[PDB]
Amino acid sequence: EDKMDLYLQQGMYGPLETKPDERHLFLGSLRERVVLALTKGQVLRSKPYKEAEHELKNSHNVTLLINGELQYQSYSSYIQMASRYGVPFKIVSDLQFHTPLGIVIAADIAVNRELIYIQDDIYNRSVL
């Protein structure tokens, strides 16, 4: 729906209407647990995002969730970053819904973070 497109275009501020909606977008996580999310287009950028490294480095009890639609070479840099800081990863393979998100860093509890995206030209061009 167009309301979802607007939520995405504006950077995914706040909750969605239902819990399943959130899980289907955020690779199985609830919005309240999301620390950072990157679009598939951002994950495909040659240079990995230092902003994701920051969140992995400063994390406590988070997991790196990776969209299984991506090929290994696209996300392997993020796995290196995760392991560097003792963060486990999961490749999410059971997708009912095509999600535009490539990577989600999710906490094991509610963190309620307002800002969970990296605003750049790749985000704007790839999120929809």
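Heads up: residue numbers just count along the shown sequence, starting at 1.
Trainee: Would you mind comparing 102-110 and 14-22 for me and telling me which has the higher average C-alpha temperature factor in the entry?
Mentor: Result: 14-22.
Trainee: Averaged over C-alpha atoms, is the B-factor higher for 45-53 or for 71-79 in this PDB entry?
Mentor: Higher mean C-alpha B-factor: 45-53.
Trainee: Would you check the entry's CA temperature factor for residue 29 and let me know if it's in the chain's lowest, middle or highest third?
Mentor: Middle third of the chain for residue 29's C-alpha B-factor.
Trainee: Determine, from the deposited record, the chain-internal third of the Cα B-factor for residue 63: lowest, middle or highest.
Mentor: Middle third.
Trainee: Can you tell me whether residue 122 has a C-alpha B-factor in the lowest, middle or highest third compared with the other modelled residues of the same chain?
Mentor: Middle third of the chain for residue 122's C-alpha B-factor.
Trainee: State the tercile, meaning the lowest, middle or highest third, of residue 8 with respect to the CA B-factors recorded for its chain.
Mentor: Lowest third of the chain for residue 8's C-alpha B-factor.
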